[PDB]
Each structure stands twice: as structure tokens, then as C-alpha cells.
Amino acid sequence: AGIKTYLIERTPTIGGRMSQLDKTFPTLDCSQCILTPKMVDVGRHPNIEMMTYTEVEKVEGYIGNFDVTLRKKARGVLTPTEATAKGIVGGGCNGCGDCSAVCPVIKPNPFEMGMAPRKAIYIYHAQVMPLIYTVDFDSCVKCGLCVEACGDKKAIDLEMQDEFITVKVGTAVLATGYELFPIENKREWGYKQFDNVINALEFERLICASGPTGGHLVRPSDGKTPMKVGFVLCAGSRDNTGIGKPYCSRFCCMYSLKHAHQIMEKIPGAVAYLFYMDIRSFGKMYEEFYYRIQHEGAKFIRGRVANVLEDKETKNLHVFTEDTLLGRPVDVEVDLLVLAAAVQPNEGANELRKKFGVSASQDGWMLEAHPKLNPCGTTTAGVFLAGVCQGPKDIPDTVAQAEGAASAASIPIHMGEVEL
Amino acid sequence: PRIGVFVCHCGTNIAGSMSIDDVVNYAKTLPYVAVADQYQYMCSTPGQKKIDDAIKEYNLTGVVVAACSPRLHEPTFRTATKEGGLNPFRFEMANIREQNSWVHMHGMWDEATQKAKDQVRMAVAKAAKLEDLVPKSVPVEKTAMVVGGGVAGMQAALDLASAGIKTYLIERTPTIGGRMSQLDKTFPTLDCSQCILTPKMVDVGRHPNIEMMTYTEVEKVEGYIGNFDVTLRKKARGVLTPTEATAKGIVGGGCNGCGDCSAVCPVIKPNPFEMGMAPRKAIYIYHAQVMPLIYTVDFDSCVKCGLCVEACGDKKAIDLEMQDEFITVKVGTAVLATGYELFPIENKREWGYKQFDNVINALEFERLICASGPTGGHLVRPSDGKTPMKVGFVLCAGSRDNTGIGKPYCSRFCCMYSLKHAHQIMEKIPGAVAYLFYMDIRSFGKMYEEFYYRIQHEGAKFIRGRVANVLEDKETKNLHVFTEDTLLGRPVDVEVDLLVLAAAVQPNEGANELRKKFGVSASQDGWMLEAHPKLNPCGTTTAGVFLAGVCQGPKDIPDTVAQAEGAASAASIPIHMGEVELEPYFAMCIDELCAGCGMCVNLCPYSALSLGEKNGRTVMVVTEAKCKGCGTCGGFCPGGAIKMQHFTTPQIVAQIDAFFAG
Amino acid sequence: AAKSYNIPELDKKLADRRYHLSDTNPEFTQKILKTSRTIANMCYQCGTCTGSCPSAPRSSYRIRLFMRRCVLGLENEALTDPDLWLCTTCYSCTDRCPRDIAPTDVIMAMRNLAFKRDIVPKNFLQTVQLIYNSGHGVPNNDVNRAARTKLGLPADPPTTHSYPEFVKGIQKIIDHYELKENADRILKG
Amino acid sequence: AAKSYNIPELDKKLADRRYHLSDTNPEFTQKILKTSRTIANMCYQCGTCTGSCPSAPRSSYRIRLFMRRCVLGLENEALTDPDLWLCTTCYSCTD
Amino acid sequence: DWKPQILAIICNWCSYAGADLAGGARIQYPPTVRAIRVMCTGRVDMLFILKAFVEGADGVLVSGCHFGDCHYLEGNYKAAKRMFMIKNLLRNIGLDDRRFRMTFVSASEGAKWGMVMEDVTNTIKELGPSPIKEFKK
Amino acid sequence: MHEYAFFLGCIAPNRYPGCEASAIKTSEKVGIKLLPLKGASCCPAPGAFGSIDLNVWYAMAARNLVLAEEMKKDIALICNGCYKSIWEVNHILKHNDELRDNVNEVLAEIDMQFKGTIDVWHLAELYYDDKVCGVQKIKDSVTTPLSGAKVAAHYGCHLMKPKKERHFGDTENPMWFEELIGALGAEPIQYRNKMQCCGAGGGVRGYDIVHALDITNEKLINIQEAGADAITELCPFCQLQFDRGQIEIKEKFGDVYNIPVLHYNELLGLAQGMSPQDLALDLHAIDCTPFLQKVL
């Protein structure tokens, strides 16, 4: 639309959760393939000031001028532009990888939900948009091998500190997303205590071809291929006991169907069992997706899982519930159990929405101006909501909400005046 | 020519199916190839840098990338080719992943390698003959059109107008508002629908940047992203607004909405707003809160008695001889917001919709329960006018149905509105009980699960069983609902006073005609199709047309409004710029080869071709703006006098020849 | 349900009621699909079939339960159920199923498998005997011959009651499938 | 299930298995709610209780079925069931 | 010693999308067909097909959108008429007309694209090497 | 005069011969000619024989079909169960190739082949069609009014259901059979759940007589409540159930209805002037004499 824009991301790369997704319901497209184009557009757009690995320290002002102070965290590595500004003609970071080839520290990768190693100097994945190789200063030992590997490019500055910048903006759009609810609190499903119980983002990384495995789903306990996989739907959701969330997370029925399809097509002869309590395929082509999954042969057992026991020797998981339609208790022994955990507002989202003056819903998500006729704007003028931060949604609904918020934020900028 | 061949591994997605080294050596030995080289991720910044360095070092004329599909990465590598001193259109891809690797993974490796060599050879042959194109930029008219005056149309119109673009709002009916104007209360917050919408209807009616054209249709559309020449049919309303009356010369005014005309009209007909439950005269408004309060005349039912004009008197707003006027409007973009109608549930004979008096559907129930409806807001039985005490709600009525009668999809909001109606009856009739015969309660949205909890707490009975059939008691007119309580495990026979069917929704009447006028395709489900189902749910494949609301698929008022504002933003993108670049695939006539036969002229669906005078000779003339690059004309012309810009006959024939080269 | 005790009444009382994955017979499911010629694995347990059945309100017969057993492969639960022979094949369930399933055709296939494992009521075997002997499930008798004569019709209808040479062909058809050789064996007991 | 025949074995064999609205006892439901001091009318039949019961795998006892009977008011179905005394009150369902 | 040489000319908006979808879904088929990718099948001139057959295509396949689903409103009706006439010409010049066919593959029919690939390969294998390659000399 | 092979299954010739006699006479009075089928047998009764073995069901129904195939004629039926067997096996074997093959190599042991060349019709379907005798032609042929009689129709299940496999239209509330009874001059009445099974199908009549009789008794109660004076039907199974089962209900339960059960062909004969003796109404368990007093 022509407005200069700042894109603040706390992490060293843009993309979000959809960059972690492997295939997307209900069209089964590769997530990175459909998103990499848009990441390139964002990275190349002259009207976008992409500021990754940066946070919002403080906000003051109003609809007219928001004096937003940003914290530029010490990335430790210089982009070519910043290197030329500092005087290094040879450039900054070209993403060769020699630094991480020689770094001796090895730490878990948060992008891979911890399943995979990454050095102290690292990128999340090979398709990160700013391919600039952050340094993790909480874990770097300043051995200096990385700078020797980088050589004449001189992109690594191990003494970099948090720089602060103050930016004046007219409007602001909040798009903080979500995290998975901590399902280790539900002790009856032995999430942290049994090896072969995982959650749906770890399953999505295990099934992706770019993940810690070669795209091969294997059992965490011994590295063998599963042949029976259970999907516990509603894990921590529609739950009024005070531990889980009392709401529906919207997409967990759909992504569990996707994962059942993926296992049944990737491991020949494997069977998927879905322990469900209201299959919710409400969107466009969702019911047809549900029909197709049942046709390919996923077993749908209408019963909320009661508890899970681990076999002491085979590490197999005994899932106990009742088949409510059959009318009998069941004991399904699976090689791998996947929990479709609830989602909750991201870490620090409440801090950021208090900085911007936004309130919260009953559910804990950011509140909108009018729940029916204004789902993007907030009560504080000049701030708009977009994405899962306002409530869980699929990528189509998230994008519609994001463009709606962009339109609402453009309304006062195009006019150039606002009346208080 | 000097061509560079760059073969991506796609991170073993291609190197795990063929021999990339062998493909590269073959490319090196190919004719015209200056440099052949490989990289792990050619779509990444080091890959573009590799392309650019190769261009600069080897003085490359063109670039061939043996990688994924063009439909995925033409823009990326065209921009990479531009940055480097070439034209974007000196570039050609060889799809060796989605059409070689992923389909020849298993047990066949040298065969996939030979296929890759063939594809690279054909790509090099085309690229050695590509030459420079510059995309056409066309001006964009600074107006916009919104077809549909429901919540999605009104939101899109208000958004565009407040962004500053002049907007036309076309509504086939005499009033804006849509279905939400018929709704009585709204889930999950229980607000009054008209109370929340009337503010926005007033905004639309008062906005200076919105040309609200009610009771008007779209006869025909021609043009493209730049200028859409849209012809509108202004149906004979029969009554003049004050502005039109002053224009025609009546100083005293036009219609002020007094109501004397309908007070004296003797014809009485059903009201479509009230789903037929209520009478309305031949001259009428739907409800008292219609935005243009202008009192249409229904000419199919008027008897021209002339009492209305005598009642109107000196205002002289009624013109009984008015005819359909036609207007042509030029617009830059268009937003389609046609909404929906209820699926005809009388086809499902086991639920006696038309044959039993006390079986209604959910919009008739919403009008019966509204305080502005045919009743005084009192739900009464249609058979005898008595108050019901047991009400059944048949959920999924005609939905998730693969028998060919109903719809195979979920209508999204029918579980939620049935919960709302159960609450409304249990709170409005003391002691009444609501029974919901359900098969997957779907309360997925924000506060929806809490709404479901609250309804169960107030005491609605939830019986998990799809209704099998309905029998009517011959004397009391009560309805015997037969199904199985699947959780209880027994058949049931619940006798209710009123049965409400939560019927499926389908695209509105005439929506397919309108989307064919605008060039939009349809989905598997029958709704209008979007450009990309994940990352572009508003735009369509035809440029300059955008979707908003239930017309793209069923949705609640929150999702509909988000979609409408998204569509308004997408329609504003090209208007604010004022330029838009077309893809240079146009047909170009070579005049000193054209013989003027004129036979190609009728092969263009877009009428881009015509016969004109150039240098005395009658030759063919291409309106390069109207051409879309299909190639039908250029595939027809026997003399080869039509050139297709990036898919020329020499290029395609070079590809064929290279395929058969050994 | 702790284990097998080999005391028959206690085994009956403490039978394991809990479904295990060892209980599924995919071969049984595939045989049912082939014989019934219907998409039975696509049931989503809406209950319309049971809600329409005329046998359900007066018995323990549940066609939806039989569909679930078919889907889960519960052979020896479906076949031995005495409420497998209470279906009148009225086809109301098939008329109304939203998934285009023929539950009554699934019932018919189940009945065929039950016969092949020798569970079958005796009226069926007696009808087999009658059709083998005369080609007619309801054969003629002397009083009806007299009634037909008094009417004016021939004492026997134009069927295999009056053309006994086609009975031999009917018998060869039945013998090819061994229906008589199984019916008489089962009746002998 | 056509009507009452007054032949006890045939009445037992052809007992009406079909739930009617005449079968509901709201007074029974209210007494249960008062005495139990629990929100029993809010069950949505997930089956977790039966899936956790130790009496269910060896009998016809179904606590979820008893909850459904409570919700629907099926007095004389809940009370006369001999599997009302197979609950060990282990509280796993409540847990 | 002999491998069939089959050439496909597939439109961009339904047949290329369908082939891409088949690849994405990992539907395997034999590697005998190589495609050209024009915008519409209306672009396909008769001389393209005849040039392929005279260079020695053992088979030629032209794949496009279903009737009523052309991206450019009616460009595959023109292609259908052209290919009917091409079928007639090949029959009357004495070449086997089943070496040529035109399939209508939508954007979502990756499975049908795989089946088309298999069937075209099988038919050409039954037919054998084209006679033009030896009739030229 | 259209000509059809007359299949004539087991119950009409051997228990209710007046049904077949009136069929031939009334069909000849209207423009239809019913030709005997040469050596036809039991259509393998769909319940009691299909429940046992579907392959032998197919083989016997196909043999019955190829008899009329050699006759080169179209089958005409008067039984809903026989319609199920004959018509449905004809339809299945006209489209399923492997089943054609299997049935043909079974039938080749008796020098006999199925090719699928004929069509199967129910006699009431022919009476309703307009090309063949229509409702107006039935009204024309009627000579005794049969006025002042309330008559309840039982459609049965195997003629009309499933509607995805037949072509008779709505199964929830059809009125076509009510038009044929209205043509005769008798007023057809509507009763609760008129589309309910009589209970005799599928072999239940034999397996569990009490269950089948309870299903029948539900219907009889509804019909008496409506006020019927007879029950017309288009099936000898359903007639046998409604006729014998009234006696078995009177003995096993304590319910008395005494409602005559007549095939539509018997009512058509009564309307066209055939005598009760010529219709053999003395062969029914339930006396028809009150109904005869009313309509005569």
C-alpha cells in the first residue's frame, strides 16, 4: 500500500510456526515451499524495515506518534550493509557455514523443539530469511575459532552489546502468535515421563524431511519405526478442571487428521488411532479431508483418553479409554503416542500487550474492539491485532485477519489526520 | 547466445533421485552453454549470488535453472536475473524435481538422469531463443465496485471509502444489511443484530465516498485489471429519492418514508425479508430499519390502481411507469460479496419440512423469535398459534451428507445458531425444554465452547443421534422425532411441539451467473474459488477481482468481516499505486506477414483482435491491454503472422527439436 | 478379567470386556466389504440406521453396533450374536444412511459368513430342503390343488410342480455350492 | 413393544426399548444433584470415567451410562440396575 | 535397444498443476514422457503435433483443462477441434492415430495424471516404434 | 394388448390361488396379456435364501430370468419379494461383469446362459404406467363401484426400497398405490407409520415368530385406529403375514381385529365383477364377509 513498515521479530528469522509445519491441511502442500516466496518478498521489499532478533522495550504516545523503543539484541554477526558501514569492505555474513562448522559448543535447537543439535553460532534452518548466523551469547565460550573461520569477511563481533533504538510510528499491528500449553502437567498422559509420548509440533518436526531425522518417524526410545500411532485429541482442551484450557484450540482435530494421513502414507502398514471427542472439521474442504482420512483407514475411537501406561520392556504405550460408541473399555497398545496439546498465548505476549495498552479476553488472548464487527482493532486507538495472538486460527483465517488489520492500520495513515 | 545452467539439489530432494554431477557435465557439453554449475539451495541468497556472479563473469545472455516448478519460483529467479544486468525474461526453468525426482524416486536412477538431461536440453534450447520483454504497465481507475450489501459488502465498502477510494455498492434488493439484518440475536455474545449493525448501515448511507446503488444488478462486465466497464441495471424502483425528484424538477421532494402509500395499497403479498410469514403491500419496505427508506414498488404485483400516488400527494415520489434504466460504470477493481441462501430441505422427505405444519427452518425460526417479526416476538406454533413447550433442533440437516441430496460439507455456523435458538426458547418461554439432536457439536471459535457450556448449564438436552425420520401426530399436530441416542444406546421417540431444521447453506441465487460474468471459477463445494487456498483466501485467479464473505464459503460474522477488510485492502493495493504491471505474454501481429483474412478475430474470447488499416493494407490489430496471452489466435494463424511473446513458434519448435536431438 | 481360570461360570462372569488390538480381524472386514459390495468402513456412527430400524424398539438388535463391529473387525462378536437374524431387510437403514452405506447388505454378508461357520437357524435349512426337493419354498398341497381345481386353474401351477425336469437343474445349481450337503449335515444333530 | 400383553415372559421379551419423554424424572435428577453435591448435569459423555474404572473391564458396569441416566432422569433404570453396587469408590473417575 | 519417445504439451493452469500435484503427493510413474508447458492448450498449433510426429515421436500427448474450466474462457475448445482433426489426418496418412491423444486433467487430479502417464506409456509400448523413422531413410 | 411372462412365485399359486386367477382375468380385461412362465421356480426368496448364500441366490434368480429370456418376453410380477429377487438380480447382472461371469459358468452346467435382454415389472407398476394400462383405464374397467369402504394400503418394503436402487420415487409418503385403490372407488385411508415393515421379511417370520408378530401387531393397531375395513397389499409374503399372523396374534396374544387382507388383484377382480367364489376368498384365515357386505 506504500507505507513504510517496521517488522520486529524476537527470533533471528521470520516465518513463525508455519515454517516449522511440514505439510499443511487440507491441501497437503509443503509449508516452506508455499511460504518461502513470501519470505523472499518480505526480505526484498524496499518499504519494509525487517528487524529480526529485536524486542520492544517501551511504547509511549498515542494514535498520532508512538515513540517505540526497540532493543537490538547482540546478534554477534554483521550483515553486509552493517559491515560496510563499519568499514569492512569485504562484506559481512554470506551464510557460508564455516563458523558453525568449527564451533565446538553443541546445544539444542529451539526450532526443532530441541530434537536436534546446533552450535553456539547457528541458524535455525537452511531456509531462514536473514541468513546471518546469530551467535548465542548465553552459550558461547568465546573460543574465537569462529572468527578465524570467518576470516577476511570479519562478520563476527564477539563483544557486541544490546543496542537501543527509538522509532516513531503512526500505528502498530500486534501478531505475537502462540505456544503449546505445557502438557506435562496432565500426569495421566505420561508426556515427560514416557519416552515415546510426544506432542504435535515435535511430531511435525520428526515427520518433516528437513528435521532431525531424514524425515523418518522413529521411536524416541530406541530409534525403531513405529507401526501403531495414537493421537490423543483435546489434550488439555475443553477442560474445566483448572489444569488445561477451557476452550477449543480450533486446529488440533485437523492437524491430527493430517498427521494420521502422513504416517499411513509414509510407513507402509502403519495404523493410526485417533481417540477423539467431537471431530471438528468445519472449514472449507475440511469435511472432505475427514472423509478421505477415514477412507485411507484411520481408526476413529470416540473416547477421551483416561490414562496411559508404559510397558516396562518394549516401551510401548497402553492407552486406556472407553469406546463410547462401541460401549466397551479399550486398551490400545501403540508404539508412539502423539498429544494434540492446547495452544496458549506466546511467552511474553502479556508483557507486550501491557506495553501497548491492550487488554485480555476471558480466554487469555488479546481482546478486540467489538467481538462481532471489529475483530482486528483494539480499544486503544492505533493498535490492531492479527493472527493467533487474538485467538487460535488456521493459516487461511490468520492471513485474512492480518490483511484486515493492515487495512485498518492504513486507514489513518492514508488520510494523514485523525481526530481525538 | 551464452547460457548458464544452474542445477539445484534442493537439499537431496533431487540428488537422491538423479546424478547431479552427470546432469551438470551434460549441460557443459551442450551447445550454447557457457557455464554449468550446481548448488544445494538455488532459491537461497547464496544461490542468487551464484547466479549473479556467473552472469557478470561469463557475460551470460540467458540463465537456465534446473530446479523446482516455474509456478513456484519464476518470480524469485526472474528477480535474480534482473539483479545482474539481464532482462527478467531471458530466464527459463527446467522442472527436474516435481516432475522428475518425486515421481521417479524408487529403483530407477539412470532413467531419471536421462529424463533430467532431456529436460535441461529442452530448457537450454528455449532459452537460447528467448529475447527481451518489458511488462506492460496500465493505469488503474480510482474507483471500486462492491457487489453485495450484506455485512461483508458494507464492511468492504466502508473500508475502501475510508481509505479514500470512491466506491460503488451494488445490492439487488431495495436495502442493504443482508442476513445479519434478519438475525434477531448473535452468538456467542447475545447482542441484538440490528442494534450492532444499524450504526454501520448509517455510516454506509452517509459516506460521501460510497455510491450506494440498491435494487440494481450487474448486466455485463468487460475489461481487465485496469478498467472494468461494468454495466448496471437500475431496476424500476417505482419511487423517487429526494435527490432524483429535485433533479426531475419536483421541488417538494421525493420519498420521506411516511408510509401512507402502503397504508392505502390494497394488494397484499408475502414479505421475503420475513421468509414469507408476514404480509406486505405492493408498495413496501422490508422492515422499518431499511437503510434507503424509499419504499420500492413491486411491479410484478402492482395493479396500477393509483391509490398510492394520491396518498403520496404533493411529494410526487411514485412513478408507476418507470422502466429499467441501464448505466455503464468504469471501475478499477471489484469485490464480490454475494452471500448465501438456505439449501432446499424439502427434498429430504423424511423430515416433513413442507408437509408438516410445525416443521420450520432456522431463518424462519429467527424471524419468529425476533421482536420485529410477524409475531410480537412470541414463538407460536404455525399449526394453531399456541405456544410450544418442547422444541427440537435437527442439526446437520442436509449437511455432511454424501447421498447426493444434501451437501457434503459442514455449514460452519449451524451448531452455534442452534445453541443460540435453544437458549432463546428456554429463556423466552418459561418451562420450555430444548432438545438438540446432534452429531458432533462444533463450537470452535472464540468463546464458543464457553457458550456451549452455558447452554448445557441452562438445561438444553443434547441427544447424540442424527434424526432418522419425523412423523406428525394426526390430531395434536405434534411431531414424533425418531432417532437413536447413540451414547445411551437405545432408540428414542421424542414428541415435540415444534421442530427446527438447521439446514445447510448454499451459494445465493444467481451467484454462479455473476461469477461467470466476472470470470471467477468455482470450488469443489460450489463456492467461489480463491487464488491460493492457504495464503490468498481473498483474491481470485482473475486479476482485479476479490472475494469477501460467505460467497467464498460459509463463515460467522467475525470471520466474514475479517475477510471483507482483507479483500478491501487487496483491492486498494493497485488503486493506491495507480499503476499495475501486466505479464508480457501478449500477441503481437507481424503486419508484413498478415494477409488480412480476419479469421483470427473470432478466436479471441476477450475481443482483443480486430481488422484495421495500416499502410493501405488491411491487417489485424491487437489491443495489447485486452490480450491475455492464451495463444489461441497465434496457434491458429496459418501464415505465422501472430507472435506470442514468451512462447513463440521458433521457441516451442526449438524445444521439440532439442527433445528429439540425440 | 485377570486371566483364564477354567471355571466356566466364572469365565463367563469375568469375561474380559475390554477391546484389544488383538481382537481385530481385517480379513473379516475385507470379506464383508467384498460380499456386501458396500462402503461399510465409512460409517461414522450417526445412529440413523438404528433410529429407523423396526426391530430395534423391541429387542437388543442394533444395526449401528453391527456396523461398528464390522469396522473394527470383531469377528466372533458379530457372527455369534443371536440378534443377527432379527433384521427383516426392510432397507430403511439403507434408505436413510447419510454415507450411502447399505447396512442391511452388511447384515446379509455377515449371515453368509455365519452360515459358513455353521451358525444358522433351522427354518433356513428347512427351506433349503424344500427348494431342493421341489424348487418351491412354499410348495403345493392336496387342499390347495382341490381349491385350484374348484377355481378352474390346473391342479398344479405351470412351475416346476408341473415340469419336474427343471428340478434337476435347480438341484445341480444348489449342489455346485454344496448348500444341501451343508444343510443336511447341520440339521443332523 | 406394541402394547402391554400381560404375559410376563413376552412382556420381558418385547419390552419397549425406546426412550420417551415420559421416562424422564426431573425430581430424580434434582434429588441426585442435591445429595451428590456435584454438577452432574454437565456431563458431555467423554468416556474418561469408564476408561478409568477398575470394575468396567470385568462386568457390565458403566459409570458413564449411569451419568447419562442421571442426566436424562431414568429413575427405575438407574436404581434397579444390579451393577449399582460394583463401584469400589476408588475415585479414579472423579480424579 | 528401443525406448518410447513420448512428448507431452500440457497447459500451465490445469495440467502442469496436476503434474506438480502428483509429484508433490509422490505418485510414481515410469519416466517416459517429457513435457513442454504452454500457457493454454489453445496455443497448441497443429504443426507442433505434426512436427513432433515427423521428427519421430512414438507418441504425442496434449493435456489441458476440462471443458468449461479453461483459464482463458474457451481456449481448449479450439484445441479439442484441432486435435480431432489431427486424429483424422494421422488415420488417413496411414500412421496409427492412437499414437496421439488429448486428456483433460484438472489442477487437483494428480492421481489421474499418474494414471494417464501409465496408460500412455503402455499404449505406445504395445504399438511399437513409429514407422516414419524407417520410412525416411 | 401388451404381453408379459407371468412369474408367479410360491405363495400366490400354492396358498392364495385367487390372487393369480384374478391377476390373469383383470390383466386381460385391461390391455395386458399374462403368459405362463415355463418351469419357473421359487425366485430364491431374498430373505430366507439370500441370508444363506448370495451366490446361489444369484444363480437361481438368473435361471428364472433366462427362462423368460428364451421366451423373449418381459417378466411381470405380483410379489414385492419376488420383485426384489428377480428385478434386482437382473439389474446387478446387467452391470457387474465378474458376477455375470460367475453366474454364467455356474449356469453352463445346465446348458443355459444369461445375457441381460429383458425387463422386470410389477403388475401394479404396469397398472400405474400410462403407456401400459393407466389409472384412467382401471377406472374404465371398474364395473362395481366398491363405494363406502375404508381401505388401508400396505406398500411393503422390497418394491420401493432402497430408493437409491429403485425408480418409484418418494418412499416416505407415496400416494401412487392410494390412487389405484381410489380408482376402484374405495376410499384409501391414512394410518400412523404407514410405511412400516410388516415384519415377515428376511426370514424373521420363521426365526422369531413373536418378534415378527409384534412388528405386525403395531401395524394392525394403527390400521384399526384409522378405521380400515380391509388391508390391500402388493405382496403374498405381506398378505400371509397379515392373514396368518392375525390368527397367531389372537392365540399368542389376546388381540382381535378381524380385518380382511386382500391383494390388489383380488380387489380389482371384485371391482370388475368377479365372484368371491371365483376369487377363493374362503382360503383366507380372516373372513372377508363383513367387507363383502359393505361393498356388495
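In order of appearance the chains are A, B, C, D, E and F, and numbering begins at 1 in each one.
Keep in mind that, in the parts below, a contact is a pair of C-beta atoms (placed from the backbone, for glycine too) under 8 Å apart; a residue touches a chain by one contact, two chains touch by 3 or more.
Per UniProt, the chains are B = CoB--CoM heterodisulfide reductase iron-sulfur subunit A; C = CoB--CoM heterodisulfide reductase subunit C; E = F420-non-reducing hydrogenase subunit D; F = CoB--CoM heterodisulfide reductase subunit B.
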- Enumerate, in label order, the chains that touch subunit C and subunit E alike. A, B
- Note on the structure: Shared touching partners of subunit B and subunit C are A, D, F
- Item | Per-chain Cα centre nearest the global Cα centre, belonging to chain | B
- Query: Among the chains, which is located farthest from subunit E on the basis of C-alpha centroids?
  - Reply: D
- Task: Find the geometric centre of each of subunit D and subunit E from their Cα atoms only, then give the gap between the two centres in Å, rounded to an integer.
- Result: 66
- Item | Centre-of-Cα separation between subunit D and subunit C, whole angstrom | 33
- Task: Let me have the rounded angstrom distance from the C-alpha centre of subunit D over to the C-alpha centre of subunit F, please.
- Result: 45
- Query: CA centre of subunit A versus CA centre of subunit C: separation in Å?
  - Reply: 55
- Query: Going by the touch rule set out above, which residues of subunit B reach two or more other chains?
  - Reply: 350, 400, 402-403, 453, 464, 469, 485-487, 489, 491-492, 524
- Query: What are the residues of subunit E that contact at least two other chains?
  - Reply: 24, 26
- Message: Going by the contact rule already set, what residues in subunit C reach two or more other chains?
- Response: 17-18, 44-45, 56-59, 64, 92, 100
- Task: Sort out which chains touch which and give me every pair.
- Result: A-B, A-C, A-D, A-E, B-C, B-D, B-E, B-F, C-D, C-F, D-F
- Mind pulling up the subunit B residues that touch subunit C in the complex? 350, 400-403, 406, 439, 464-469, 482-486, 489, 491-492
- Enumerate the contact residues on subunit B facing subunit E in the complex. 69-71, 95, 97-106, 108, 111-112, 114-115, 118-119, 122, 519, 521, 524, 541, 585, 603, 605, 628-632, 634-636, 644, 647, 649, 652-653, 655-657, 659-660
- Message: Residue numbers of subunit F touching subunit C in their complex, please.
- Response: 8, 10-11, 13-15, 17-18, 20-21, 36-42, 44-56, 59-60, 63, 106-107, 109-110, 112, 157-158, 161-164, 171, 196-197, 199-204, 206-208, 211-212, 214-215, 218, 278, 280, 283
- Mind pulling up the subunit C residues that touch subunit A in the complex? 17-21, 41-42, 44-45, 64-65, 68, 72
- Message: Which stretch or stretches of subunit E touch subunit B in the complex?
- Response: 5, 7, 12-13, 16-17, 19-20, 22-24, 26-31, 34-40, 42-45, 47-48, 51-52, 55-57, 69, 71-75, 78, 82, 108, 114
